[PDB]
Structure formats: C-alpha cells, structure tokens
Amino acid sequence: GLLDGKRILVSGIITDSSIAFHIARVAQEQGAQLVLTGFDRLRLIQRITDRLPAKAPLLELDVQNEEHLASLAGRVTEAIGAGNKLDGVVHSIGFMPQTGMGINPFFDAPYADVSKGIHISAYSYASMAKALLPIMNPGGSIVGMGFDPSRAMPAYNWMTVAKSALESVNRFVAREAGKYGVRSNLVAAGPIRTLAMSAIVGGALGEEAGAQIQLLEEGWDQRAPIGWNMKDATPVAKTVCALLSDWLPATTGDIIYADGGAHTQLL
C-alpha cells in the first residue's frame, strides 16, 4: 500500500467525476485514512463520498470563510483523534466566475470577479497550508491541482492567470512548509472531462469557447507521446498519490506534469 498508515485531508470532492474523487479513491485503495472537506452542498457531497471504498469523515470548508479556516485544525484533529496528525493535504479547489472564462472578452472581466477566482483558486492554497501545517508530521506533503499556465490559451483566460499566481504561491508555501519537514508541490494535469468541463464543450459559456476548448484537448492527445485520455482522471490521481508517498522525498516548491507529456512537445 503506497500510502499505508497515512492520514490525508483531500479537499474539493463535488461529484464522482471531480479529480479529488479519484485521488480520494486511489489514496484509499492505497492504505490511507482520509478526512474530506467540501464546499457548499454538503449533503450532496456526503451522498457522493459514500461511494469511496471506505468511510471518511467529512467537514465543511469554504476556503473564503475566515471562521472555517480558523476552526479547521480543531475539526480535523477531532475527526482523526487528539494526539494524531496529518501526513498529507490535497488542495483540489478552483473557480473562476464565468465573466473571466471565455464568454466574455478578456478585457471585460471585472476585478471583483477575477479577485474572487484568484482568492479561491490561488490564495487559498496558502490558507489551507497555514491552517494545516500546525497539524502535520515531519515528512508530510501538501499537493495542489494546477494546469500549465506558461503560455496563454483561448477561453481559459483569467483562470490561467489564477494558475500562474498559484504556481508562485506554491513556491512560497514550500518555504513555510519546509520549517515543518513538509513538502509542497503542484500537479499540472492535462484537460480532464469534469462536469464543468463537459458543460463548457457543450457550449455552457458560448460557442466559440466550446470550440476552442475542444480544439485544445484534441491537440493534447496528439502531442502527448503516450496519449492523453481526458475521460480518465486516474493517471492524475496516481500522480498525486506519488507526491503524497515517501517516494519523491527531495522535491518541493515544484510542479509535476501529469499531462501525457504534452507540454514537452511542439507539434
């Protein structure tokens, strides 16, 4: 069991096709005891998570809520029992109001909307770390979910800016986390057919967005020297588990690309 004995907080389960859902599953299959957090439809999330191969306490956490962040460590040690600490934290949380993604022209997202997306998608990586490093073991691992934002791309727009900010935050959380003996890294994932992703290629945010995203994903699989299957989140899940394991013990402030190799190839 890659993750035998480890206690791991996995955030961001919203449906059974969330990337966190699969991380959660592969983690349990691998020996880990989890605690889960969820955003706003908690009953829905409870019903979804009932399907993991094992039970796991579930706590509410709205990353924009000071008080939830304040109480989080208490709620976690309670759920895992006093005298116990986390070995692993997964941040798999993201959001950008739709005015910052694809419908709208890039220049028409208003600041209050982008600030919200940066808050939830980038800054919150620091918040979770701050809230949780006090309850983590030496040898621990924080892992966040990004996508390669180093070139601009159609439709993703401000969400790419948010991911750029996230990569930079991650390099700073690594500085803090290191004082605890704790690694911090991002997994840069290829596009994965989430419920929201599907809704977008179905045109949820306008037709030209839809067509652009669709063209983006097909290009991925073509460049990926080992292919990319957007229908299958589990190679990303496995990658996160590798970073939660003790098998990358000298990597931090870093980015692991689970993307089929697509970013290393031009045509």
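Quick note: we count residues from 1 along the sequence shown, nothing fancier.
message: Highest mean C-alpha temperature factor of the two stretches 70-78 and 119-127, which is it?
response: Taking the mean C-alpha B-factor of 119-127 and of 70-78, the larger value falls to 70-78.
- prompt: Which is higher on average in the deposited entry, the C-alpha temperature factors of 81-89 or of 160-168?
  reply: 81-89 has the higher mean C-alpha B-factor.
field: Maximum C-alpha temperature factor, selected from 226, 242, 59, 27
entry: In this record, 59 carries the highest C-alpha B-factor of the candidates.
message: Looking at 105, 144, 191, 181, which one carries the largest C-alpha B-factor according to the PDB entry?
response: Largest recorded C-alpha B-factor: 105.
message: Where does the C-alpha B-factor of residue 262 rank in its chain, lowest, middle or highest third?
response: It falls in the bottom third of the chain.
field: Where the record places residue 154 (Cα B-factor, split into thirds across the chain)
entry: Middle third of the chain for residue 154's C-alpha B-factor.
- prompt: Relative to the other modelled residues in the chain, which third contains the C-alpha temperature factor of residue 197: lowest, middle or highest?
  reply: Top third by C-alpha B-factor.
message: For the chain shown, is the CA B-factor of residue 173 in the lowest, middle or highest third of its modelled residues?
response: Lowest third, going by the recorded CA B-factors of the chain.
query: Ranked by Cα temperature factor within the chain, is residue 187 in the lowest third, the middle third or the highest third?
result: Lowest third, going by the recorded CA B-factors of the chain.
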